[PDB]
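K.L.:
this one's a deposited entry, sequence included:
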Amino acid sequence: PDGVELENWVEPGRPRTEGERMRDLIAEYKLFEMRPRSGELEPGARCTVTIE
Amino acid sequence: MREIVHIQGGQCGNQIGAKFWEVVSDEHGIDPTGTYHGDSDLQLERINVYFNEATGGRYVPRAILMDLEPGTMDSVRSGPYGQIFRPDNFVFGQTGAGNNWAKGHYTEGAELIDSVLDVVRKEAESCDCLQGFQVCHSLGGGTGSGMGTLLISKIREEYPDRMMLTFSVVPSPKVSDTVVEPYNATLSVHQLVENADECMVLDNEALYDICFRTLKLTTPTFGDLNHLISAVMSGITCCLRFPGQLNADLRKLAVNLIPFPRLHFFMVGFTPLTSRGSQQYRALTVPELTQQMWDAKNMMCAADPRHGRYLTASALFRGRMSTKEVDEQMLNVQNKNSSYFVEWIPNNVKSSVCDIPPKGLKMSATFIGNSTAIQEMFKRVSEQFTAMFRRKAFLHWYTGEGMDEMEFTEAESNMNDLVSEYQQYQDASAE
Amino acid sequence: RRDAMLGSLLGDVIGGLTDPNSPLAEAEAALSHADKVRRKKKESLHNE
Amino acid sequence: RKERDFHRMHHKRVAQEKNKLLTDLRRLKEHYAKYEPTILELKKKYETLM
Amino acid sequence: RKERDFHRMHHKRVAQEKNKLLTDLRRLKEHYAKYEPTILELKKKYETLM
Amino acid sequence: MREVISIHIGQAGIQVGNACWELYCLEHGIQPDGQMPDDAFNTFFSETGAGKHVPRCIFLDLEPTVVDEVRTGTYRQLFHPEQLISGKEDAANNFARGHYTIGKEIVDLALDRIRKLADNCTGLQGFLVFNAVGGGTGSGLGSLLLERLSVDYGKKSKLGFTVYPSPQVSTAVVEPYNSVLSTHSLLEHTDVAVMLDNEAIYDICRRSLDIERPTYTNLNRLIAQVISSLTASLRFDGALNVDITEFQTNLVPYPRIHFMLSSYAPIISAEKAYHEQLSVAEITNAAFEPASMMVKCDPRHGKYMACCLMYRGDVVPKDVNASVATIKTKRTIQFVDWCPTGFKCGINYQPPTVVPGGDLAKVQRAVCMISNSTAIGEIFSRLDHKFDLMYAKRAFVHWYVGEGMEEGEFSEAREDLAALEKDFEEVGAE
Amino acid sequence: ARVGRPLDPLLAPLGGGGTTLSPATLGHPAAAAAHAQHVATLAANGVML
Ligand SMILES: Nc1nc2c(ncn2[C@@H]2O[C@H](COP(=O)(O)OP(=O)(O)OP(=O)(O)O)[C@@H](O)[C@H]2O)c(=O)[nH]1
Ligand SMILES: Nc1nc2c(ncn2[C@@H]2O[C@H](COP(=O)(O)OP(=O)(O)O)[C@@H](O)[C@H]2O)c(=O)[nH]1
């Protein structure tokens, strides 16, 4: 998601392509997740991003 | 030869259907015993649309009366036209639903729905050609709205291509009869959007306003409202039953009316509705009838057309008239009120003319308007449902009927989505 | 000829009933995915 | 906002048409799964008669 | 702008899914049409073998 | 020996056929029962051994009411019962419904009866297809039948007397849609297509018949008079006999450009009759008046390409030549540079018969002008915007898709009417 | 007699027309195939016209 509000809009359908279905199961079961997402930093700051 | 199967559901639906059958039989010259007494060939020419011939000359209406409590059917049978209906078409339970849509859709409707569909299939298979089914009932009630949505879903599953016409009495804006009206309305609208191909919104307070301001009646009982609704329900299909200069069946009306599938809710009004005092003072002309037609007060639905935008509008006229006259009148209306009309549809008029006007009236006309104004009615029902669902008041009676709480969110989401398409096609710009 | 065409049609029908790659298989995959999506949206909307 | 509304309504009515196609597919599947057991029974009778 | 880009992409995706579903529905109609002659053929073979 | 097979499709087609057959029966003296108290009827009727003359017509419709009106009306013993073909479910203003799902069996039975009718004709001048562009039955079933006739009968000249939607006034909502679709269909099948607009005929009735109260019966009566004037040379002899085959060769410059304005003169009530001379010159000028057409299309925007005049009654060739020479010397009338002659005069000695109960007066002279002009592209230009305005949101597209139509069909139809616009532009241009 | 134009520059892509009485040869097979394939590509890509 790109910060967009979904309101009774169907999820992406059956991809029928293996790469896209891998991406979609990743999305469904939260396999890869980065916590901070967007950030902003002053010069020399430290963000401490986490990817799990 | 294109048959229609009528179903009357709930107390309000059963009363409206009984009034409708009284009106139709009187129009076709049928006495309450079923024998023809009209002395007119055209009346019997297409009598098969609503009636079947019995062993003798008796004509049995193709009506199915449905209820959970026997009192409404006892009153209907004791009424003036209660003996025309076949007794096997009276499908009633023993315990009524206490204004519980969950009771009328899950617990008590499940047992009776088998008999209901059995009677429906028996009535439909006898028909040579089936235009479809018309179900008359009221939103905001347990038994009626509940099994009405259930039966509409079942008949949609059985006959996907056949026409579905629904006449739902939406709960009134200002004065509400039962507390659980917004729950029932929200649950029923969810089913009607998905299943009913063509659906009508009617409001009791709009009925009172029109009968008090136009008809100028003093003591309007529910019988008068049922009479007006019956007149509209006859005029919607008089083209099927009588020869017309420019005929239009239910499917033609649906095609010319529904721009997008989910926006199939329509409002009606009937012309000429004249007070007894000013009947002599009025003039029966197409410009008069159209001016009354396009008035907000003539609309049988609470929402006023001025707030919204007319997506489409069909007008089924009845009587000996000029198709030139009618087309000029409605084109002039569109040009004059082009602000209220959607721009990306060059013509918002579906005009049909029938050669047989109703009895007593030299000319008449029914109006079916698909306008974005009904957005405000859906919004008001949402403003009630959301407020009372925020505290889950009387949610628990429905929770007891084996239906999930998530279904209320489902219905609200679908209803407000429909609100969204109404608003956006109201404010949609060409190109 | 009748035996050959009967066998061909019987094989086609039985394969459609039970094949890993059959039009019924794609139909059920699509409809099951649609049902799962609807259930997930509705439960998620209720939770939200 | 105008562009967003345009692309919105396009996406929504395409999705509605997809859902209708899904419903029609369900109806056809039921209508012919009604037929299939007769084929199965006739196959069984065929085998027994051989 | 984010909403319009989002809805453009999903409109395209659902249109592609609709086309795929249309092709699948055509194939399914073909297979369903293949069903009904099989009953008659099996009945004729049943009678002849009997 | 000069038989012409009549087909009437949809409500408008059947309702104009009612007037057409009333007019032909009155013209040849054929009573409603079927028989009349030489061989001038053979073009429209086939006589049986009993003396009863049955029309060589076919009433095709998917709606039963219109055909049942004929089966019940005064003309129940005249028409052949199987010739009246009735459907079960109406096309519901859906071209896909009338062309893909409902219309198949109906058109098959229609061609069965059409073959039976054509076997009974020694010669066959052609077909007269009367349908309603702007409705599923007329559009879809009419298009399917026209394709079917073009494929099987082949070189028989088919005259399609189509009614297109008026510019501003209309009665249907998907009327631009199905009109574009049926024009897409009939651009390649009909040999000569006659354009009609309800608004224009309404204006004619309002202004010249002084009918403030126009209706479909009057419109259909006027159309029937136009067609009877068109066919008068097949049934009645006269100087400058013009044939059905001669129409297209004298009227169609290029294969696609075969749509035709039709104009009758005079259109005057019995009251206003015998207040004017109604000479040949005056009636010809009235016919060439921009206002007098049965289509809402001003010639002054375009240029005339061909004009075939059919005169009926006491008309002399010097008078027709003098009137047409004055028309040519008139500055308002403008022809294309590449057609110096552009005039096909034909006369007949049979004055137009008047239907009792009608408004048209008994005039000893009549002119039917059928003209190919580049102006007519304007009406197609109107529909080409009416179509794409809705097609931007693709409203009502789901209805057409449901009965086996694809978005490609709509796109191709729009492309085709754009191509027709370009054809009219290039025929107009030098 | 069947007549075709062998010297017409514009009719050369078709090959003189004529009758081409075989069903696969009827009309404009190449043009129809190209147009249908292009429409199919647009529909499969979801590029609405
Ligand atoms: N001139 C003229 N036009 C008519 C008349 N009756 C109907 N029309 C036109 O015919 C159009 C539609 O014709 P049809 O397709 O035959 O209508 P239908 O018989 O109900 O068939 P569908 O609408 O396709 O279901 C309408 O838009 C009218 O404008 C008539 O009597 N005279
Ligand atoms: N027009 C009309 N409306 C009615 C009548 N009886 C009840 N209603 C309305 O219908 C609404 C719903 O009631 P209903 O569904 O019939 O109750 P239920 O049968 O127990 O489900 C109520 O708000 C009433 O105002 C009647 O006879 N005529």
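P.N.:
Happy to help now that I have it. Numbering: from 1, shown residues only, chains lettered A, B, ... in the order given. Ligands and ions are numbered 1, 2, ... in the order given.
K.L.:
so residue B:353 lies in a strand, does it not?
P.N.:
Yes - the assignment for residue B:353 (DSSP: H, G, I helix; E, B strand; the rest coil) places it in a strand.
K.L.:
what is it paired to in the beta sheet?
P.N.:
residue B:246, residue B:317 (DSSP bridges).
K.L.:
give me the neighbour count for it.
P.N.:
Residues lying near residue B:353 (other C-beta atoms under 10 Å in any protein chain shown) number 26. (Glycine included, C-beta is placed from N, CA and C.)
K.L.:
that one contacts residue B:238, correct?
P.N.:
No - if you go by C-beta atoms under 8 Å, residue B:353 and residue B:238 don't touch, sitting 10.5 Å apart.
K.L.:
give me phi/psi at the residue in chain D that chain C sits nearest to?
P.N.:
Per C-beta to the nearest C-beta, residue D:22 is where chain D lies closest to chain C, at 5.2 Å. Dihedral angles of residue D:22 (phi, psi; degrees, to the nearest 10) stand at phi -60, psi -40.
K.L.:
now the residue minimising distance to the centre of chain D, what's its secondary structure?
P.N.:
Centroid-nearest residue in chain D, with C-alpha atoms, centre = their mean: residue D:25, separated by 1.1 Å. The three-state assignment at residue D:25 reads helix, by three-state DSSP.
K.L.:
would you map the strands across the stretch 301-431 of chain B?
P.N.:
B:310-318, B:349-354, B:364-371 (DSSP state E, counting those that start in this stretch).
K.L.:
want to throw these into CSV with distance to residue E:4?
P.N.:
Shown next, in CSV, are the strands of the stretch 301-431 of chain B (distance: least, C-beta to C-beta, whole Å):
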stretch, distance to residue E:4
strand B:310-318, 24
strand B:349-354, 34
strand B:364-371, 27
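K.L.:
any residue of the helix or strand residue B:91 falls within touching ligand 2?
P.N.:
Residue B:91 is part of strand B:90-92, with elements assigned from DSSP states H and E. No - judged by C-beta under 6 Å from any ligand atom, strand B:90-92 and ligand 2 are separated, with a smallest distance of 11.8 Å.
K.L.:
what's next to the next helix-or-strand element following that strand, contact-wise?
P.N.:
Going down the chain from strand B:90-92, the next helix or strand is helix B:101-102, by DSSP H and E. Outside of helix B:101-102, the residues that reach it under the criterion C-beta atoms under 8 Å, 6 or more residues apart in numbering or on different chains are B:142, B:145-146, B:149, B:180, B:183-184, B:187-188, B:397-403.
K.L.:
go again with 10 Å.
P.N.:
By C-beta atoms under 10 Å, 6 or more residues apart in numbering or on different chains, the surrounding residues in contact with helix B:101-102 are B:108-109, B:139-150, B:180, B:183-188, B:191, B:395, B:397-403, B:407-408, B:411.
K.L.:
wait, residue B:29 sits on residue B:45?
P.N.:
No - using C-beta atoms under 10 Å, residue B:29 makes no contact with residue B:45, being 11.9 Å away.
K.L.:
mind telling me what element the residue of chain D found nearest chain E is part of?
P.N.:
Taking C-beta to the nearest C-beta, chain E has its nearest neighbour within chain D at residue D:11, 3.6 Å off. Taking DSSP H and E as the definition, residue D:11 sits inside helix D:2-33.
K.L.:
what's the next secondary structure element after that helix?
P.N.:
helix D:36-49.
K.L.:
okay, the angle between that following helix and helix E:2-49?
P.N.:
With axes from the mean of the first three to the mean of the last three C-alpha atoms, to 10 degrees as the basis, helix D:36-49 and helix E:2-49 are set at 30 degrees to each other.
K.L.:
tell me how far helix D:36-49 lies from the chain's centre.
P.N.:
Offset of helix D:36-49 from its chain centre (C-alpha atoms, centre = their mean, to the nearest Å): 26 Å.
K.L.:
and that helix, does that touch chain C?
P.N.:
Yes - judged by C-beta under 10 Å from any C-beta of the partner chain, helix D:36-49 comes into contact with chain C through D:36, D:39-40, D:42-43, D:46.
K.L.:
of those, closest to chain A?
P.N.:
Chain A lies nearest to residue D:36 out of the residues of helix D:36-49 next to chain C, by C-beta to the nearest C-beta, at 24.2 Å.
K.L.:
so how many other residues sit close to the closest residue to chain C within the stretch 1-150 of chain B?
P.N.:
Using C-beta to the nearest C-beta, residue B:102 is the residue of the stretch 1-150 of chain B that sits closest to chain C, at 15.9 Å. Residue B:102 has 26 neighbouring residues, counting by other C-beta under 10 Å.
K.L.:
name the nearest residue to it, sequence neighbours excluded.
P.N.:
Nearest residue to residue B:102, sequence neighbours excluded (C-beta to C-beta, 6 or more residues apart in numbering or on different chains): residue B:401, at 3.5 Å.
K.L.:
isn't the one you found up against residue B:100?
P.N.:
Yes - counting by C-beta under 10 Å, residue B:401 touches residue B:100, with 6.5 Å between them.
K.L.:
shared neighbours, the two?
P.N.:
Shared contacts of residue B:401 and residue B:100, counting by C-beta under 10 Å, 6+ apart, come down to B:106-108, B:142, B:146.
K.L.:
who in chain A is up against chain B?
P.N.:
Of all the residues in chain A, those in contact range of chain B (C-beta under 10 Å from any C-beta) are A:7-9.
K.L.:
show me which of the residues you listed is closest to chain C.
P.N.:
Nearest member of those to chain C, counting by C-beta to the nearest C-beta, is residue A:8, at 7.2 Å.
K.L.:
which residues of chain G lie near chain E?
P.N.:
G:40, G:43-48.
K.L.:
if we can go back for a sec, my read: the residue nearest to the centre of chain D touches residue E:24, true?
P.N.:
Yes - contact between residue D:25 and residue E:24 holds when scored by C-beta under 10 Å: they sit 7.6 Å apart.
K.L.:
where do the contact lists of these two overlap?
P.N.:
With C-beta under 10 Å, 6+ apart as the test, residue D:25 and residue E:24 both reach C:26-27, C:30.
K.L.:
circling back to that earlier point, among the shared contacts of residue B:401 and residue B:100, which are located in strands?
P.N.:
Residues of the shared contacts of residue B:401 and residue B:100 located in strands (DSSP state E): none.
K.L.:
if you rank those by neighbours, which is first?
P.N.:
Busiest of the shared contacts of residue B:401 and residue B:100 [other C-beta under 10 Å] is residue B:146, holding 31 neighbours.
K.L.:
from memory it sits against residue B:103, does it?
P.N.:
Yes - using C-beta under 10 Å, residue B:146 makes contact with residue B:103 at a distance of 6.5 Å.
K.L.:
chain D contacts on chain G?
P.N.:
Residues of chain G lying near chain D (C-beta under 10 Å from any C-beta): G:46, G:48.
K.L.:
excluding chain neighbours, what is closest to the residue most central in space within chain G?
P.N.:
Nearest to the geometric centre of chain G sits residue G:28, at 2.5 Å (C-alpha atoms, centre = their mean). Closest residue to residue G:28 apart from its sequence neighbours, by C-beta to C-beta, 6+ apart: residue G:14 at 7.1 Å.
K.L.:
for the one you found, what is the enclosing helix or strand?
P.N.:
Secondary structure assignment for residue G:14, by DSSP H and E: no helix or strand.
K.L.:
cool, and residue B:166?
P.N.:
strand B:163-170.
K.L.:
and that strand, does that touch chain D?
P.N.:
No - judged by C-beta under 10 Å from any C-beta, strand B:163-170 makes no contact with chain D; its nearest approach is 13.8 Å.
K.L.:
what about residue 8, neighbour count?
P.N.:
Assuming you mean chain A. Neighbour number of residue A:8 under other C-beta under 10 Å is 16.
K.L.:
not quite, I wanted chain F
P.N.:
30.
K.L.:
picking that back up, restricted to helices, list the residues of chain A next to chain B.
P.N.:
Among the residues of chain A next to chain B, no residue falls in helices (DSSP state H).
K.L.:
ok, so of those residues, who is nearest chain B?
P.N.:
When the residues of chain A next to chain B are ranked by distance to chain B (C-beta to the nearest C-beta), residue A:8 comes first, at 4.7 Å.
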